[PDB]
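J.:
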Amino acid sequence: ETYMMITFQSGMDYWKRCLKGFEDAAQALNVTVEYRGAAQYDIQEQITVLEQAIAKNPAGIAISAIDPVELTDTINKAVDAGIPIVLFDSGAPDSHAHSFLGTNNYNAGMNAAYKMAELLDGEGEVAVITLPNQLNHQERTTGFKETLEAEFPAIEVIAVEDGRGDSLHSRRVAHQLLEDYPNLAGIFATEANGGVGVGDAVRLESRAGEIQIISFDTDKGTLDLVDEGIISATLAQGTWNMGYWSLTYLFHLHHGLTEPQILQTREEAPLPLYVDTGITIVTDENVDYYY
Amino acid sequence: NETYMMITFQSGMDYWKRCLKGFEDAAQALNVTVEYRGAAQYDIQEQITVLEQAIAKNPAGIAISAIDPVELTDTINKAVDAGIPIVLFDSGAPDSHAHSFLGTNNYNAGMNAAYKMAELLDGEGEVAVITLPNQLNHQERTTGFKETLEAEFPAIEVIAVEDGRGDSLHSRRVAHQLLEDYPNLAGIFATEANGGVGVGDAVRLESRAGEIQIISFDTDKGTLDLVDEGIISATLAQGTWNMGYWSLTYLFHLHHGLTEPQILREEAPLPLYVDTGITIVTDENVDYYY
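Taken in sequence, the protein lines are chains A and B.
If you're matching positions, the first sequence starts at 43 in the deposited numbering and goes up one per residue.
Read in order, the letters of the second sequence correspond to residues 42 to 305, 308 to 333 in the deposited numbering.
Next up, the structure:
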């Protein structure tokens, strides 16, 4: 009885706490886990990994989909094959997977808006560095923007720019933003590499902490920048929760412990649709517990 | 004697039975006891007292559906301050310090209704909504339905949203008057079970019994009968077994400190929200909901 976790950019640190929750639930439940993922950020490689998982016919699969649409046919394949499968971290809303466990990215952006307004005393100019073509980053940016337009009319969003998931690139972008906008007070990076490059731009310009910076996730570089007073806050996603509750949900499904709802098609919906695994604000106040 | 309490209002109504089934199912597996208590009427002060008494009992946890999103917050926070795990299910209290909420996402339930209406109408036509204008859960369904129509389905216009008052007879009068006022009306969404019954009955009394598409809410027998009799096109069922089972499971995790919480220096031990799902029920699956 083995439950499989499937990722992308599989060696990345973000997954380590996902996996830990997953192994904590499995230890609790006396079952086995196997970790897998595409080593690169490559859709066809994640399709191969998932296809390979389905072929071993495990007790269940938890997967963070690299793309909300281009993995769907493979996900439904698992479902069709009678394998319990849940999404975690990144979803595929049109697929037939049995649950999604992860961040409400709109609300995450809303959390960042309130934190920003607090750091700026309710006024000032802000910018976003994000990934304009990724849906989770788009929701993050819309949550932030819409929350500020709604609750903080004295804070104004003056740019949303593309940090390309790349620190050097985000630094050049941040730097250009600091030139173009004399009174820029705050920067929200929706993506970790973006925040690191925004922190390097502010510290290379001797402006730590004149410029308020909010970033995402808890990579060591992000936490070092926060511990050093450069990045003001980072949003930590509930990765342990994703792992612990995905496993749990897979186990329940596998052992038929739920009373499924019955669809028009007479197929079964044995799980809740969505588990919001939370978001934590990390500042120097709490940075220590996140290493 | 490890005991989990489920607290409701109008506690004897059929809505709750499947929540309690779910709760009891989780307890049985875990070898723990449950108690079911509630305001027997629709009465705010009554539920407050029921919850104060539960707190006094010092259970291993409390799951409660809050009769009012505001008026129960101070009592809920008393449970929290007393060190008793407490989760909301079904009807929330967003401003309280409760540990989690397990329940429908009403905006999304409205959106699901919109997609199914769109499909029923081949994406075009006049529709009306019958709702509770001053209730937040009903505002959310109406909004989710309208904004999904606005954005995704330009050729479907909702021509009216009407107050059904939770009373069918009134909703009958309303559907009838709607049918007179809008000759080309193709559909009606009722966000509330009694509106849906009133709409159903008006439609059959006018022998429109399949040229007006009707979507309702919940799985009251009155509703499911109209679905089976081809009068109601679909009804939206909440994941009430889910609510009870995962509430119990979450309280048990809280009570025993079974999670790794996120810090701030105070711990956040549970996922904030569990979306327990909405299922579209037509004559195709209606049999499984009795």
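Quick reminder that beta carbons are idealized off the backbone N, C-alpha and C, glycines included.
(1) Taking C-beta pairs closer than 7 Å, name the residues in chain B that residue 318 (chain A) reaches, listed in chain order.
(2) Which runs of the beta strand (DSSP E) fall wholly inside the segment 47–130 of chain A and span at least 3 residues, in chain order?
(3) Helix, strand or coil: which one does DSSP assign to residue 258 (chain B)?
(4) Since I believe residue 162 (chain A) is in contact with residue 228 (chain A) (beta carbons under 8 Å), could you give me their beta-carbon distance rounded to a whole number of angstroms?
(5) Step through the CB atoms of chain B and report whether any lies within less than 8 Å of the CB of residue 282 (chain A).
(6) Per DSSP, what kind of secondary structure is residue 194 (chain A) in: helix, strand or coil?
(7) What residue from B:132, B:119, B:58, B:53 has the CA that sits closest to residue 179 (chain B)'s CA?
(8) What does DSSP give as the partner residues of residue 321 (chain B) in its beta bridges?
(9) Could you name the residues of chain A that residue 278 (chain B) contacts, counting a contact when the two beta carbons are closer than 8 Å?
(10) From the DSSP output, read off the bridge partner residues of residue 143 (chain A).
(11) Using a Cβ cut-off of 8 Å (strictly closer), state whether residue 180 (chain A) contacts chain B.
(12) Does the Cβ of residue 72 (chain A) have 16 or more other Cβ atoms within 10 Å, making it buried, or fewer, making it exposed?
(13) State yes or no: is the beta carbon of residue 287 (chain A) nearer than 8 Å to at least one beta carbon in chain B?
(14) Locate the alpha helix (DSSP H) running through residue 244 (chain B), then write down its first and last residues.
(15) So residue 231 (chain B) is in the beta strand (DSSP E); what residue range does that whole segment cover?
(16) Can you pull the chain A residues whose beta carbon is under 8 Å from the beta carbon of residue 311 (chain B), in chain order?
(17) Pull up the distance between the alpha-carbon of residue 255 (chain B) and that of residue 261 (chain B), whole angstroms please.
(18) Inspect the beta-carbon positions of residue 97 (chain B) and residue 129 (chain B) and report whether they are closer than 8 Å.
(19) Would a check of beta-carbon distances place residue 147 (chain A) closer than 8 Å to chain B?
(20) Would you please verify whether the beta carbon of residue 116 (chain B) is less than 8 Å from any beta carbon of chain A?
(21) Under 6 Å Cβ to Cβ from residue 316 (chain B), same chain only, skipping five residues before and after it: list those, please.
(22) With 16 as the cutoff for other CB atoms within 10 Å, does residue 111 (chain A) come out buried or exposed?
(23) Chain B beta carbons: is any one of them nearer than 8 Å to that of residue 331 (chain A)?
(24) Are the Cβ atoms of residue 80 (chain B) and residue 289 (chain B) separated by less than 8 Å?
(25) What do you get for residue 212 (chain A), buried or exposed, if any count of 16 or more other CB atoms within 10 angstroms of its CB means buried?
(26) Between the C-alpha atoms of residue 138 (chain B) and residue 48 (chain A), what's the straight-line distance to the nearest angstrom?
(27) Give the DSSP bridge partners of residue 170 (chain B), in chain order.
(28) Closest Cβ-Cβ distance between residue 306 (chain A) and chain B: below 8 Å?
(29) Between which two residues does the alpha helix (DSSP H) holding residue 221 (chain B) run?
(30) Considering Cα atoms alone, identify which of B:95, B:135, B:284 is closest to residue 120 (chain B).
(31) I'd like to know if the segment 272–285 of chain B and the segment 312–326 of chain B are in contact, where contact means that at least 3 CB-CB pairs between them fall below 8 Å.
T.: In short:
(1) Those within 7 Å of residue 318 (chain A) in chain B are 314, 315, 316.
(2) If only complete runs of 3 or more residues are kept, the segment 47–130 of chain A shows the beta strand (DSSP E) at 74–80, 102–105, 127–130, in order along the chain.
(3) Three-state DSSP puts residue 258 (chain B) in a strand.
(4) Right, the Cβ-Cβ distance comes to about 6 Å (below 8 Å), so this counts as a contact.
(5) Taking a beta-carbon distance threshold of 8 Å, residue 282 (chain A) counts as an interface residue toward chain B.
(6) Residue state, collapsed to three classes: coil.
(7) The residue with the shortest Cα to Cα distance from residue 179 (chain B) is B:132.
(8) B:279.
(9) Here the neighbours are 303.
(10) DSSP output for residue 143 (chain A) lists A:130, A:317 as bridge partner(s).
(11) By this cut-off, residue 180 (chain A) is not an interface position.
(12) Label assigned to residue 72 (chain A): exposed.
(13) Under the Cβ criterion of 8 Å, residue 287 (chain A) is counted among the residues facing chain B.
(14) Start and end: 234–246.
(15) Under the DSSP assignment, residue 231 (chain B) falls in the beta strand (DSSP E) whose first and last residues are 226–231.
(16) What residue 311 (chain B) touches in chain A: 320, 322.
(17) Taking C-alpha positions only, residue 255 (chain B) is separated from residue 261 (chain B) by approximately 15 Å.
(18) Between residue 97 (chain B) and residue 129 (chain B), the C-beta gap is not smaller than 8 Å, which leaves the two residues out of contact.
(19) The beta carbon of residue 147 (chain A) does not come within 8 Å of any beta carbon belonging to chain B, so the residue lies off that interface.
(20) Closer than 8 Å to the CB of residue 116 (chain B) there is not a single CB belonging to chain A.
(21) Sequence-distant Cβ neighbours of residue 316 (chain B) in its own chain, meaning closer than 6 Å and more than five residues away, are 142.
(22) Exposed.
(23) For residue 331 (chain A), the answer is yes, since a Cβ of chain B falls inside 8 Å of its Cβ.
(24) Residue 80 (chain B) places its beta carbon 8 Å or farther from that of residue 289 (chain B).
(25) By the 10 Å Cβ count, residue 212 (chain A) comes out buried.
(26) Rounded to the nearest angstrom, the two C-alpha atoms are 35 Å apart.
(27) Answer is B:202, B:230.
(28) Yes, residue 306 (chain A) lies at the interface with chain B (some Cβ there is under 8 Å from its Cβ).
(29) Segment 209–222, the alpha helix (DSSP H) holding residue 221 (chain B).
(30) Looking from the CA of residue 120 (chain B), the closest CA among B:95, B:135, B:284 belongs to B:95.
(31) As far as the Cβ criterion goes, the segment 272–285 of chain B touches the segment 312–326 of chain B, which means the pair count is three or higher.
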